[PDB]
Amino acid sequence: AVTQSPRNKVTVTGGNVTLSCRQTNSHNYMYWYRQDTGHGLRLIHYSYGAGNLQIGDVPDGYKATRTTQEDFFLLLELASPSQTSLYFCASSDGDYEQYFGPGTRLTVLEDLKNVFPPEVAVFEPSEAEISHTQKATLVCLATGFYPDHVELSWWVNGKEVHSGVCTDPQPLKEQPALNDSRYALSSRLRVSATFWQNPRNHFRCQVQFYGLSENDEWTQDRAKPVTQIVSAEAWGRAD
């Protein structure tokens, strides 16, 4: 198994960021990659054993440390906005198949006054749809959040569902003409009309948002845009 820590991280530019990778496969090689749309998966640094470090394809602004055979760390001593990315470590026995970790999503911000939590609204199934197709679609909208660093999940009767769900692959910019634009994201959850018309069924759209921490400074009189969960809900309607 290859584990990564943390799973999510938000920091202001110029700060220090450490990503941790562990590997219990007894493998010699370990790797640090970054993932960005338009470039694919690019190699940053790698290592064939404890104490060994070898430069990858895009190493500027990163150092790495292989303290043991299990542990490999990626260090960003002066984090910059271009290092916003999705980071994957991996292990390998020589040139055999690589095994990848779960990923660390990192956002590096130039200014924390741009951070806004999302607002979440659930939209109930149209009765013309319940009649015309005997099915019911709930739509969820997460609007006005910055940075683009959220996870949206549906919960029926208090447990998360995946069947009938589809979420937009990426958010859209509410103000595409601005480098500081906030984002919006839509999702849909479709059930049977019979399931929607039972008034004991509870539905909740949940948006996990990664923003500032308690340690970060905040002097605006807007509520502090901390990491948080914003949900919206709806009950089954008998008519």
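For every residue, the number given is its place in the sequence shown, counted from 1.
Comparing 8 to 16 with 220 to 228, the stretch with the higher mean C-alpha B-factor in the PDB entry is 220 to 228. Comparing 185 to 193 with 44 to 52, the stretch with the higher mean C-alpha B-factor in the PDB entry is 185 to 193. Comparing the listed residues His27, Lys63, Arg34, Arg200, the entry records the largest Cα B-factor for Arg200. Within the group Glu160, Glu110, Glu97, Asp148, the record's highest C-alpha temperature factor is found at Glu160. Among the modelled residues of the chain, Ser153 sits in the middle third by CA temperature factor in this PDB entry.
The deposited CA B-factor of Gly103 belongs to the lowest third of values across its chain. The deposited CA B-factor of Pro171 belongs to the middle third of values across its chain.
Ranked by C-alpha B-factor against the other modelled residues of its chain, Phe123 falls in the highest third. In this PDB entry, the Cα temperature factor of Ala234 sits in the top third of its chain's modelled residues, the highest group.
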